[PDB]
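Asks: Please see the structure below; I have some questions.
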Amino acid sequence: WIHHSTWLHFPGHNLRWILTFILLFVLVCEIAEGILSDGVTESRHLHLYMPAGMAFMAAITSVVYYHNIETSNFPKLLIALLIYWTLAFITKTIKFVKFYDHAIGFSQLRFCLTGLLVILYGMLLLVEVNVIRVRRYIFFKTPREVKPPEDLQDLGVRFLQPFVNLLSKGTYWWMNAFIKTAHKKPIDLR
Amino acid sequence: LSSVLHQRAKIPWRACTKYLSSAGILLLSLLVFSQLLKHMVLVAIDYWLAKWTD
Amino acid sequence: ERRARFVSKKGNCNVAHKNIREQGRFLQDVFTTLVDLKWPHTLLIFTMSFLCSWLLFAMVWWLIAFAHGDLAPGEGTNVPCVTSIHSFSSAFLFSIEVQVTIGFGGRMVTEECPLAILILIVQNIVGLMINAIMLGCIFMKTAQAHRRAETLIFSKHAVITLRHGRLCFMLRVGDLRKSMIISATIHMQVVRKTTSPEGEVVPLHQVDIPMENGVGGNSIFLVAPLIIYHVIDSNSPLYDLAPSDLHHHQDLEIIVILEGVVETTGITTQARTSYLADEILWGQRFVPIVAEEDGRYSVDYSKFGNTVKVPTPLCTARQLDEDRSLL
Amino acid sequence: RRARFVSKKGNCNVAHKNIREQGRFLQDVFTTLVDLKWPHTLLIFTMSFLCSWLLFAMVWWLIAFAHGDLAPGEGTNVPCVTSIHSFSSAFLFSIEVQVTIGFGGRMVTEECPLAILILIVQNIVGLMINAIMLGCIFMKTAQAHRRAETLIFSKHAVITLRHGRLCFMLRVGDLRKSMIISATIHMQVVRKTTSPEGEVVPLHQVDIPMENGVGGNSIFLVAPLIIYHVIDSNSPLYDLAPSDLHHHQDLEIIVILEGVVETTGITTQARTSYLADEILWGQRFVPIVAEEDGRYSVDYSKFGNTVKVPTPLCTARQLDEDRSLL
Amino acid sequence: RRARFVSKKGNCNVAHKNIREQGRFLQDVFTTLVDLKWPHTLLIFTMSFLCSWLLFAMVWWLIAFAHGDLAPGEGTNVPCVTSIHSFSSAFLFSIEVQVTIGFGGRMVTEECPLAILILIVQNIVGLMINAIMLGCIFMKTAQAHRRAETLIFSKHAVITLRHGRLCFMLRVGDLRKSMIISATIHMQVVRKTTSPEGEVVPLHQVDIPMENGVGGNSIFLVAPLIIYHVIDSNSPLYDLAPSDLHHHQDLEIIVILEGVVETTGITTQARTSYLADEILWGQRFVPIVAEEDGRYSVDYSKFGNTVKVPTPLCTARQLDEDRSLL
Amino acid sequence: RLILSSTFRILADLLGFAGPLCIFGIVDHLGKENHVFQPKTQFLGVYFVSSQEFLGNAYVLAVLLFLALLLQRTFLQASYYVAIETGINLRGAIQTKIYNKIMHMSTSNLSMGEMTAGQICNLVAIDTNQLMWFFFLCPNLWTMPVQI
Amino acid sequence: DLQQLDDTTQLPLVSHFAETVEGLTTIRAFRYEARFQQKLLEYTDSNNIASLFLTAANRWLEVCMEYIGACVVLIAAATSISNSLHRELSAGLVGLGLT
């Protein structure tokens with residue numbers, strides 16, 4: 001569906017949210033790409049309109065999982081992403097090979113989008129993998145200990161804009177609460 | 001409850017009351033009329049700028 | 001300037017348990033947490049999975065069907081992977097029966113398809129377990145939810161009167177339930193930041209209080225709300241206490257919890273309630289609620305929490321021993 | 001008449017009026033069916049299960065008329081469900097889904113999306129509907145293994161003198177063959193009181209000691225027991241006489257026996273008492289035990305048979321002080 | 001090393017042997033599966049159902065060969081199973097029944113009675129096969145809900161002078177938020193005692209009171225507390241000497257912490273002990289209870305923090321002996 | 001820290017300056033009266049669109065606008081936040097070094113007269129605050145010509 | 001509130017500095033430099049921490065409106081294009097709207 005114990009961050013908190021957001025942009029373009037290609041042919045021909053439209057949902061869902069999988073520290077539970085990133089590499093690559101087999105080239109946009117997709121997807125599997133090098137949740141013997149921030153230990157830290165996710169770092173949802181509670185209760189030095 | 005609410009009063013009327021009273025009437029509407037026209041003239045610049053472009 | 005209380009007046013006691021090593025949790029906790037959900041929230045929880053149970057495996061068949069060539073337009077050349085499966089819409093129907101054992105009949109599986117033979121097995125055993133956990137979830141939820149209601153009412157403010165000569169702290173606990181609380185043991189505990197005479201500093205040392213029942217045991221028979229006459233004496237820690245130190249700024253915390261078991265279910269329950277120094281009105285007496293009617297005994301529960309003053313000596317409990325010695 | 005704290009059969013009747021609380025939550029309704037009797041439970045779900053066979057079925061016929069399948073003749077479009085002819089027949093189509101039979105004479109095809117929602121609409125409903133049934137049957141069966149209690153006490157109360165000091169007695173005897181584990185039966189006397197400092201108690205609740213061997217609430221019941229109650233200086237009835245037993249009195253002795261039945265594994269309680277008039281001063285309980293050649297038999301039928309035995313007509317103080325002066 | 005009666009974590013390794021022949025009833029197998037690991041539980045019934053899907057399916061492929069249907073071609077002979085052609089279809093035929101799919105492509109006729117025998121033969125089995133597993137997952141529902149160990153126990157013991165009185169103590173706190181209803185702790189010392197009449201107790205079990213205010217084994221924990229057992233003249237520890245703190249010392253203490261688990265409704269027992277090596281004479285625990293604006297604060301790091309304090313290194317009997325002189 | 005703030009700021013306006021450019025494209029597709037779409041390519045029975053045409057679609061350019069607009073604003077807004085954070089800390093270090101130097105200063109009459117308390121007050125008040133603003137507005141110095 | 005809170009917190013830090021200037025020799029004479037330096041951090045914490053939150057809300061209110069303002073572009077932009085796509089809206093209205 002205290003909190004200081006629920007604020008540890010996995011490795012690459014930036015390299016993922018940057019990459020994951022980078023995926024939302026180019027993929028959203030493909031959502032236009034299938035729409036444009038379907039204009040001429042009378043039949044809808046969703047075969048280029050459905051996947052990205054479905055895929056765009058997935059990254060949105062996947063990102064929410066990472067925020068949830070990090071807010072509650074269950075580093076073993078970071079296998080679904082491992083089992084989803086890995087599989088997507090198989091399917092995405094196949095399209096590149098078959099398109100390259102038909103001498104599609106880069107003159108067409110779709111092959112250009114797919115080629116970009118492989119690189120972006122490739123980063124996701126590797127970036128996720130680097131976590132296993134650090135936390136070593138499964139397929140490892142000794143889980144190296146991880147500690148929450150020493151400043152975060154004290155309950156006397158509130159303007160925790162630094163202590164928030166990269167997607168949070170800019171959205172200022174960190175200050176959302178202190179803005180929210182101010183509507184009724186006066187704000188004092190406490 | 002009330003203490004925050006009593007503090008949380010922007011007081012536009014009182015601010016308008018003293019400021020306008022100092023202003024008077026002649027220069028008062030003159031400020032209102034002149035400012036509105038210039039912004040209106042600015043907007044009208046675009047429509048012609050659109051028209052000749054069209 | 002509110003002071004922290006070890007137990008809330010409503011019993012929602014909160015203690016900041018920091019500097020805590022992260023205990024390992026397993027996914028079964030979520031499965032346990034699944035049982036812990038609410039009936040409306042759980043209703044969607046299984047339904048969303050049950051819906052995805054129909055769809056997700058079904059999509060495999062639609063992919064599977066396209067492989068054997070049946071997904072193409074009509075052609076009697078090949079033997080279909082599944083009979084009369086045409087579109088991904090029809091894909092749901094073949095699965096919809098399978099997970100639900102419906103067996104509509106027209107969409108029939110056949111032979112000569114190894115992958116399909118795995119489809120009718122893998123999606124099959126999955127459904128049986130899928131319904132099993134949901135059936136198991138309801139099995140535990142139905143019995144347990146009956147004991148999620150608290151129907152015992154303590155007294156918000158405490159009174160300090162004198163009964164049978166001695167002054168004894170009083171509190172009235174009223175039962176809002178028709179069902180009886182078997183094995184009613186209510187233990188009274190006092191908490192203070194008493195630095196030990198040996199020198200040690202105890203920030204929250206807890207001291208129990210004898211209930212002064214008819215047999216000295218914590219056991220009590222609950223029919224109508226009565227007064228737990230906690231006698232204060234030399235053995236009692238409250239001997240040196242006085243209403244002088246009854247201000248909101250005194251490190252004196254009183255805790256009472258009434259252990260028992262719901263008669264209908266047998267599920268043991270506890271009632272957490274606490275009182276501080278400020279909330280207690282010294283020299284107040286309880287207003288009787290039990291009324292003598294010809295037909296039954298009437299409970300004036302609306303008058304349970306009414307504090308009415310009565311002539312009460314204001315001498316110190318330690319000092320009050322002088323009156324007996326002098327006389 | 002006279003107000004009794006607890007009835008002889010139990011189920012103490014107390015008018016707990018002046019109630020300010022939530023009227024009802026849906027949890028009560030689920031509790032209400034779960035606590036109903038077997039014949040009532042059988043019909044209620046039967047009505048519920050029958051309702052599913054009807055309420056959803058109403059949707060199909062309306063779904064059918066919309067597609068125009070019900071009209072006679074070969075239709076230009078394949079219907080929402082194959083071989084649906086009339087609302088009477090549609091009940092057969094509905095019965096296949098919720099009950100999960102799926103004969104096949106009725107058939108559902110594609111190209112009818114509104115039906116696709118309907119199939120899902122009743123699919124989850126029936127499974128949930130069936131789910132309540134499995135839950136409901138599970139609940140009623142578990143507790144009903146201990147739906148009754150058969151541990152009785154003598155109708156009248158008996159007082160006599162045992163081991164020099166007089167005492168008030170009672171009779172303990174149970175019927176169910178299975179034993180009750182950890183019997184801690186505490187008895188209490190209730191009477192009107194006004195405190196020496198003036199506080200008025202309409203009926204104070206103070207227990208009496210069962211005077212067992214270990215002086216504790218524990219009891220092991222395998223034979224008709226007579227749990228005595230020693231009258232001591234601190235005893236509430238230490239100023240009691242065989243005279244004040246008239247119907248107009250303030251005494252009220254009630255005993256509640258805690259514990260769980262071994263087979264049940266669930267705690268059960270039994271409330272029994274006896275008023276002032278019910279007692280018979282100077283009467284001893286009839287020995288109901290008798291060990292035969294092979295086994296021992298309990299003559300329970302004479303449990304309440306009170307046999308008068310000579311006793312001093314002096315109060316505990318009026319006896320102890322007389323004994324002390326003796 | 002030395003033999004142990006209970007490990008620190010709570011394994012309590014005891015070498016119980018010389019045991020007579022146990023029953024080893026076959027019904028215990030279901031209990032083993034009932035307590036089986038969830039992954040193992042996942043596989044166990046699955047293979048059984050997979051075997052069940054095949055075991056009866058094994059019989060059918062023979063049945064078809066018997067009734068003269070597996071042969072190529074359509075003759076006058078009605079098959080034992082409609083449209084039964086080969087093992088692949090046959091292996092589907094069973095899958096229809098034992099899971100009640102009811103495909104319909106394989107239909108049933110009254111050609112051969114053994115088919116009616118076969119249909120019933122597995123018909124009860126499946127309703128039983130699911131019955132065994134449905135109860136199995138039902139058992140594992142509450143069993144997983146247990147999650148026993150959710151508290152803490154002191155790694156080492158402390159012996160400080162409380163209220164001027166010499167007394168040992170320990171510490172414990174609850175890591176989980178859920179409460180422990182009806183706390184009960186018993187402290188006992190497993191030491192090799194001897195009797196005056198020669199009985200050399202191997203590891204005599206002698207308990208020590210918890211010195212609670214009410215003078216009972218009942219407690220209440222919401223915070224990390226220290227149970228202080230007053231070491232007085234009426235306890236065997238009155239002959240203790242700090243010189244006996246070696247791992248080779250012939251003494252030990254055992255603590256049992258019962259209590260009703262509020263959420264689970266099943267009591268969990270805490271098995272713990274401390275060796276003489278863990279005894280830190282003249283050390284005092286640093287308090288971890290703290291106050292904050294929201295609520296009280298607890299420093300779980302400071303559970304094992306020890307602050308040494310001046311302690312008279314004499315015998316409690318001798319210290320009390322000089323206490324009268326002092 | 002400051003360099004990253006400017007680096008964000010530089011790409012903030014650089015991405016931002018395309019804002020007007022999209023308007024130039026948006027009108028042109030509207031500016032073509034026929035506005036009839038035909039990709040003129042189908043490699044394998046499915047038409048594939050060329051790059052030069054994908055960036056010519058009026059609706060497509062609009063979608064790129066909202067995506068760019070939100071992206072351009074969010075990075076631009078942070079650029080102020082990063083700098084003002086670095087400056088705010090710099091107030092502390094300057095103040096501490098000011099106070100730390102104060103405690104070890106000599107109390108000569110010229111050191112007290114020629115260095116009056118107000119001058120000591122003014123520097124801690126006027127200077128560091130001014131230096132705070134100079135850092136608070138430093139990137140604009142390194143950015144305003146770029147956008148210009 | 002915050003600006004009032006910040007401005008109020010601005011007075012002591014300067015004031016404590018003035019006292020140090022006013023009582024320099026004695027503060028060193030008592031050799032209590034350890035205590036006073038704690039106060040300087042104590043004061044500097046108030047002004048600095050107040051400033052960050054003061055800067056924080058200023059950035060947020062800009063962002064929340066800006067993105068809310070941003071949608072006002074696309075919503076109008078799509079609307080104008082559809083009018084120009086089908087309703088034969090002239091470029092003149094199209095150009096002005098984005099402007």
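Please note that chains go A, B, ... in the order of the structure tokens, that every chain numbers its residues from 1, and that ligands are numbered from 1 in the order shown.
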Using only C-alpha atoms, find each residue of chain B with at least one atom at most 9 Å away from an atom of chain A; report its shortest atom-to-atom pair and that distance in Å (one decimal), sort the rows by chain and rising residue number, and return the result as a tab-separated table.
Replies:
residue	atom	partner	partner_atom	distance
B:1	CA	A:184	CA	7.1
B:4	CA	A:186	CA	6.7
B:5	CA	A:184	CA	8.2
Asks: Next, dump the selected residues to file, keeping only N, CA and C atoms, as a PDB file, in the first residue's frame.
Replies:
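This went into again02.pdb:
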ATOM      1  N   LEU B   1      -6.378  27.871  16.338  1.00  0.00           N
ATOM      2  CA  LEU B   1      -7.487  27.999  15.399  1.00  0.00           C
ATOM      3  C   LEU B   1      -7.748  29.461  15.052  1.00  0.00           C
ATOM      4  N   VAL B   4      -4.377  31.726  14.668  1.00  0.00           N
ATOM      5  CA  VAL B   4      -3.803  31.641  13.330  1.00  0.00           C
ATOM      6  C   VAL B   4      -4.713  32.330  12.322  1.00  0.00           C
ATOM      7  N   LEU B   5      -6.023  32.082  12.419  1.00  0.00           N
ATOM      8  CA  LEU B   5      -6.968  32.690  11.489  1.00  0.00           C
ATOM      9  C   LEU B   5      -6.993  34.206  11.633  1.00  0.00           C
TER      10      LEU B   5
END
Asks: Could you list, as a ChimeraX atom specification, every residue within 7 Å of range 98-111 of chain A, counting only C-alpha atoms and ignoring same-chain residues fewer than 2 positions away?
Replies: /A:94-96,113-115 /F:48-51
Asks: Once you have the residues from the selection above, write them out as an mmCIF file, in the first residue's frame, restricted to N, CA and C atoms.
Replies:
data_model
loop_
_atom_site.group_PDB
_atom_site.id
_atom_site.type_symbol
_atom_site.label_atom_id
_atom_site.label_comp_id
_atom_site.auth_asym_id
_atom_site.auth_seq_id
_atom_site.Cartn_x
_atom_site.Cartn_y
_atom_site.Cartn_z
ATOM 1 N N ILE A 94 16.210 -8.513 -30.047
ATOM 2 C CA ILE A 94 15.703 -9.297 -31.168
ATOM 3 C C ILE A 94 15.215 -8.377 -32.275
ATOM 4 N N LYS A 95 14.476 -7.331 -31.907
ATOM 5 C CA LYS A 95 13.965 -6.402 -32.908
ATOM 6 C C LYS A 95 15.105 -5.746 -33.673
ATOM 7 N N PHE A 96 16.184 -5.397 -32.973
ATOM 8 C CA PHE A 96 17.325 -4.780 -33.640
ATOM 9 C C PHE A 96 17.915 -5.716 -34.684
ATOM 10 N N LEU A 113 14.995 4.664 -33.259
ATOM 11 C CA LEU A 113 14.445 4.591 -31.911
ATOM 12 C C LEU A 113 14.818 3.280 -31.237
ATOM 13 N N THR A 114 14.685 2.163 -31.953
ATOM 14 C CA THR A 114 15.017 0.871 -31.365
ATOM 15 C C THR A 114 16.489 0.804 -30.984
ATOM 16 N N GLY A 115 17.372 1.279 -31.867
ATOM 17 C CA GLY A 115 18.787 1.297 -31.544
ATOM 18 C C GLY A 115 19.090 2.113 -30.307
ATOM 19 N N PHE F 48 7.203 3.233 -42.768
ATOM 20 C CA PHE F 48 8.136 3.771 -41.788
ATOM 21 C C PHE F 48 8.425 5.226 -42.130
ATOM 22 N N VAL F 49 8.409 6.088 -41.117
ATOM 23 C CA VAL F 49 8.507 7.528 -41.320
ATOM 24 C C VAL F 49 9.956 7.971 -41.197
ATOM 25 N N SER F 50 10.357 8.867 -42.088
ATOM 26 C CA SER F 50 11.700 9.422 -42.099
ATOM 27 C C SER F 50 11.855 10.470 -41.004
ATOM 28 N N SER F 51 13.106 10.679 -40.589
ATOM 29 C CA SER F 51 13.377 11.603 -39.494
ATOM 30 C C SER F 51 12.910 13.012 -39.824
#
Asks: Need to verify the contact set: residue 78 in chain F, 10 Å, only C-alpha atoms, exclusion of same-chain residues closer than 5 positions in sequence. Can you return it as JSON, numbers by chain?
Replies: {"A": [169, 170, 171, 172], "F": [5, 8, 9, 12, 73, 83, 84], "G": [59, 60, 63]}
Asks: Could the residues in this selection be written to a file with C-alpha atoms, as a PDB file, in the first residue's frame?
Replies:
ATOM      1  CA  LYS A 169      15.390  16.329  -5.304  1.00  0.00           C
ATOM      2  CA  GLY A 170      13.780  18.748  -7.737  1.00  0.00           C
ATOM      3  CA  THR A 171      10.049  18.286  -7.195  1.00  0.00           C
ATOM      4  CA  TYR A 172      10.383  19.812  -3.701  1.00  0.00           C
TER       5      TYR A 172
ATOM      6  CA  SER F   5      24.823  25.076 -10.535  1.00  0.00           C
ATOM      7  CA  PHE F   8      22.697  23.268 -14.850  1.00  0.00           C
ATOM      8  CA  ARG F   9      21.979  26.932 -15.574  1.00  0.00           C
ATOM      9  CA  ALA F  12      18.733  25.336 -18.590  1.00  0.00           C
ATOM     10  CA  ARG F  73      11.598  24.705 -16.105  1.00  0.00           C
ATOM     11  CA  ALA F  83      23.449  28.185  -5.862  1.00  0.00           C
ATOM     12  CA  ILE F  84      21.468  29.760  -3.019  1.00  0.00           C
TER      13      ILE F  84
ATOM     14  CA  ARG G  59      11.608  27.765  -5.069  1.00  0.00           C
ATOM     15  CA  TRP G  60       8.591  25.510  -4.492  1.00  0.00           C
ATOM     16  CA  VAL G  63       7.824  25.342  -9.389  1.00  0.00           C
TER      17      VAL G  63
END
Asks: Return the single residue from B:33, B:51, B:46, B:9 that is closest to residue 97 in chain G, with distances computed using only C-alpha atoms.
Replies: B:46
Asks: If you run DSSP on this backbone, which residues of range 64-225 of chain E come out as strand (DSSP E), and could you give them as a ChimeraX atom specification?
Replies: /E:157-162,165-169,180-191,204-208,218-219
Asks: Can I get the residues of chain D within 12 Å of chain E, each with the closest pair of atoms and their distance in Å to one decimal, using only C-alpha atoms, sorted chain first then ascending number, as a tab-separated table?
Replies:
residue	atom	partner	partner_atom	distance
D:96	CA	E:102	CA	11.7
D:99	CA	E:100	CA	11.8
D:100	CA	E:100	CA	8.8
D:101	CA	E:102	CA	7.8
D:102	CA	E:102	CA	7.1
D:103	CA	E:104	CA	8.0
D:104	CA	E:104	CA	7.4
D:105	CA	E:104	CA	10.3
D:107	CA	E:104	CA	11.6
D:134	CA	E:134	CA	11.6
D:135	CA	E:138	CA	11.8
D:138	CA	E:138	CA	11.4
Asks: The selected residues should be written to file as a short mmCIF file (atom, residue, chain, number, x, y, z; two decimals), in the first residue's frame (atoms: N, CA and C atoms).
Replies:
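Everything below was put into selection.cif:
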data_model
loop_
_atom_site.label_atom_id
_atom_site.label_comp_id
_atom_site.auth_asym_id
_atom_site.auth_seq_id
_atom_site.Cartn_x
_atom_site.Cartn_y
_atom_site.Cartn_z
N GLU D 96 -24.59 -22.00 -14.75
CA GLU D 96 -23.34 -22.66 -15.12
C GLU D 96 -22.13 -21.87 -14.62
N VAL D 99 -21.96 -21.60 -10.39
CA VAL D 99 -21.75 -22.94 -9.85
C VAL D 99 -20.60 -23.67 -10.51
N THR D 100 -20.08 -23.16 -11.62
CA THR D 100 -18.92 -23.73 -12.30
C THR D 100 -19.18 -25.17 -12.73
N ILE D 101 -20.22 -25.33 -13.55
CA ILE D 101 -20.51 -26.63 -14.16
C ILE D 101 -20.08 -26.58 -15.61
N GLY D 102 -20.61 -25.61 -16.36
CA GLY D 102 -20.24 -25.43 -17.75
C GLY D 102 -20.62 -26.61 -18.63
N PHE D 103 -21.92 -26.86 -18.77
CA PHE D 103 -22.37 -27.98 -19.60
C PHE D 103 -21.94 -27.81 -21.05
N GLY D 104 -22.14 -26.62 -21.61
CA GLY D 104 -21.75 -26.34 -22.97
C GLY D 104 -22.89 -26.13 -23.94
N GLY D 105 -24.10 -26.58 -23.61
CA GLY D 105 -25.23 -26.32 -24.48
C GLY D 105 -25.43 -24.84 -24.71
N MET D 107 -23.25 -21.40 -24.84
CA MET D 107 -21.86 -21.11 -25.14
C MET D 107 -21.67 -19.61 -25.26
N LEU D 134 -17.68 -20.93 2.65
CA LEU D 134 -16.62 -21.73 3.26
C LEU D 134 -16.16 -21.11 4.57
N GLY D 135 -16.07 -19.78 4.61
CA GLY D 135 -15.76 -19.12 5.87
C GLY D 135 -16.86 -19.28 6.90
N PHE D 138 -16.94 -22.71 8.25
CA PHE D 138 -15.77 -22.92 9.08
C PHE D 138 -15.98 -22.37 10.48
#
Asks: Mind listing as JSON, numbers by chain which residues of chain G are within 7 Å of chain B, counting only C-alpha atoms?
Replies: {"G": [91, 92, 95, 96]}
Asks: Need the shell around residue 10 in chain G: protein/DNA/RNA residues with any atom at most 12 Å away, counting only C-alpha atoms. Skip same-chain ones fewer than 4 positions apart. Format as a ChimeraX atom specification?
Replies: /F:124-125,129 /G:2-6,14-17,43-51
Asks: Dump N, CA, C and O atoms for the selected residues as a short mmCIF file (atom, residue, chain, number, x, y, z; two decimals), in the first residue's frame?
Replies:
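Result file out13.cif:
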data_model
loop_
_atom_site.label_atom_id
_atom_site.label_comp_id
_atom_site.auth_asym_id
_atom_site.auth_seq_id
_atom_site.Cartn_x
_atom_site.Cartn_y
_atom_site.Cartn_z
N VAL F 124 30.26 42.52 9.19
CA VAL F 124 29.51 41.29 9.43
C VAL F 124 28.09 41.42 8.89
O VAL F 124 27.44 40.43 8.55
N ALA F 125 27.59 42.66 8.81
CA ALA F 125 26.22 42.87 8.35
C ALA F 125 26.17 43.11 6.85
O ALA F 125 25.45 42.42 6.12
N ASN F 129 26.68 39.69 3.69
CA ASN F 129 25.40 39.67 2.99
C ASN F 129 25.57 40.03 1.53
O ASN F 129 25.03 39.36 0.65
N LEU G 2 7.56 32.72 7.84
CA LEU G 2 8.97 32.37 7.73
C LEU G 2 9.83 33.61 7.61
O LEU G 2 10.86 33.74 8.29
N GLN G 3 9.43 34.55 6.75
CA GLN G 3 10.17 35.80 6.63
C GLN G 3 10.20 36.54 7.95
O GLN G 3 11.25 37.05 8.37
N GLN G 4 9.06 36.60 8.64
CA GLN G 4 9.04 37.15 9.99
C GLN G 4 9.91 36.31 10.92
O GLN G 4 10.65 36.85 11.75
N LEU G 5 9.82 34.99 10.80
CA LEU G 5 10.68 34.12 11.60
C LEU G 5 12.14 34.34 11.26
O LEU G 5 12.99 34.43 12.16
N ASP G 6 12.47 34.43 9.97
CA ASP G 6 13.85 34.64 9.58
C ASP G 6 14.36 35.99 10.06
O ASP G 6 15.44 36.09 10.66
N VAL G 14 23.83 39.28 14.70
CA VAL G 14 24.54 40.55 14.65
C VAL G 14 24.74 41.09 16.06
O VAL G 14 25.83 41.56 16.42
N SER G 15 23.69 41.02 16.89
CA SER G 15 23.78 41.58 18.23
C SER G 15 24.87 40.89 19.04
O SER G 15 25.66 41.56 19.71
N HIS G 16 24.93 39.56 18.98
CA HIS G 16 25.97 38.84 19.71
C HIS G 16 27.35 39.26 19.24
O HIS G 16 28.29 39.35 20.04
N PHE G 17 27.49 39.54 17.94
CA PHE G 17 28.75 40.05 17.44
C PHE G 17 29.08 41.40 18.05
O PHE G 17 30.22 41.66 18.45
N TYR G 43 23.77 30.96 17.29
CA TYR G 43 23.06 31.99 16.54
C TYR G 43 23.11 31.72 15.05
O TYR G 43 22.08 31.78 14.36
N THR G 44 24.29 31.39 14.52
CA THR G 44 24.44 31.20 13.08
C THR G 44 23.57 30.07 12.58
O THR G 44 23.13 30.07 11.42
N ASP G 45 23.30 29.08 13.43
CA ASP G 45 22.39 28.01 13.04
C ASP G 45 20.99 28.55 12.78
O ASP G 45 20.33 28.17 11.81
N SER G 46 20.52 29.45 13.65
CA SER G 46 19.16 29.96 13.51
C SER G 46 18.98 30.70 12.19
O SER G 46 18.07 30.40 11.42
N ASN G 47 19.86 31.67 11.92
CA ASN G 47 19.73 32.44 10.69
C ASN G 47 19.93 31.57 9.46
O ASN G 47 19.16 31.67 8.50
N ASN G 48 20.94 30.70 9.47
CA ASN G 48 21.22 29.89 8.30
C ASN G 48 20.08 28.91 8.02
O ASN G 48 19.61 28.81 6.88
N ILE G 49 19.62 28.19 9.04
CA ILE G 49 18.57 27.20 8.82
C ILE G 49 17.27 27.88 8.40
O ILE G 49 16.55 27.37 7.54
N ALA G 50 16.96 29.03 9.00
CA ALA G 50 15.76 29.76 8.58
C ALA G 50 15.87 30.18 7.13
O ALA G 50 14.88 30.12 6.38
N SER G 51 17.05 30.60 6.70
CA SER G 51 17.22 31.04 5.32
C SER G 51 16.92 29.92 4.34
O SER G 51 16.23 30.13 3.34
#
Asks: Could you jot down the CA of residue 281 in chain D to CA of residue 208 in chain D separation for me, Å, one decimal place?
Replies: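 Value for the CA of residue 281 in chain D-CA of residue 208 in chain D distance: 18.7 Å.
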Asks: Please extract the residues of range 176-313 of chain E with a backbone DSSP assignment of helix (DSSP H, G or I) and present them as a list in words.
Replies: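 Result set for range 176-313 of chain E (helix (DSSP H, G or I)): residues 236, 237, 238, 239, 276, 277, 278, 300, 301, 302 and 303 of chain E.
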Asks: Could you save those same residues with N, CA and C atoms as a compact mmCIF listing (two decimals), in the first residue's frame?
Replies:
# COMPACT_ATOMS: atom_id res chain seq x y z
N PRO E 236 19.42 -19.21 47.07
CA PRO E 236 20.69 -19.93 47.03
C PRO E 236 21.87 -19.08 46.62
N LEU E 237 21.64 -17.94 45.98
CA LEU E 237 22.71 -17.05 45.57
C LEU E 237 23.37 -16.34 46.75
N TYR E 238 22.87 -16.54 47.97
CA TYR E 238 23.42 -15.86 49.14
C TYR E 238 24.85 -16.30 49.44
N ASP E 239 25.32 -17.38 48.83
CA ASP E 239 26.69 -17.85 49.01
C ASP E 239 27.56 -17.54 47.80
N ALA E 276 28.70 -17.71 33.68
CA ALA E 276 29.41 -16.90 34.66
C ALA E 276 30.39 -15.96 33.99
N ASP E 277 30.88 -16.33 32.81
CA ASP E 277 31.74 -15.44 32.04
C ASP E 277 31.03 -14.15 31.67
N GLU E 278 29.73 -14.20 31.39
CA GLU E 278 28.96 -13.02 31.04
C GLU E 278 28.67 -12.13 32.24
N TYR E 300 18.08 1.83 21.44
CA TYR E 300 18.32 0.39 21.37
C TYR E 300 19.80 0.04 21.27
N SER E 301 20.66 1.02 20.98
CA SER E 301 22.10 0.75 20.98
C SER E 301 22.62 0.54 22.40
N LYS E 302 21.99 1.19 23.39
CA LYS E 302 22.48 1.20 24.76
C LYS E 302 21.98 0.02 25.58
N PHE E 303 21.46 -1.03 24.94
CA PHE E 303 21.02 -2.21 25.68
C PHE E 303 22.19 -2.91 26.35
Asks: List the spatial neighbours of range 14-17 of chain F as a PyMOL selection string - criterion: any atom at most 8 Å away, only C-alpha atoms, same-chain residues fewer than 4 positions off excluded.
Replies: chain F and resi 10+21+68-69+72-73+147
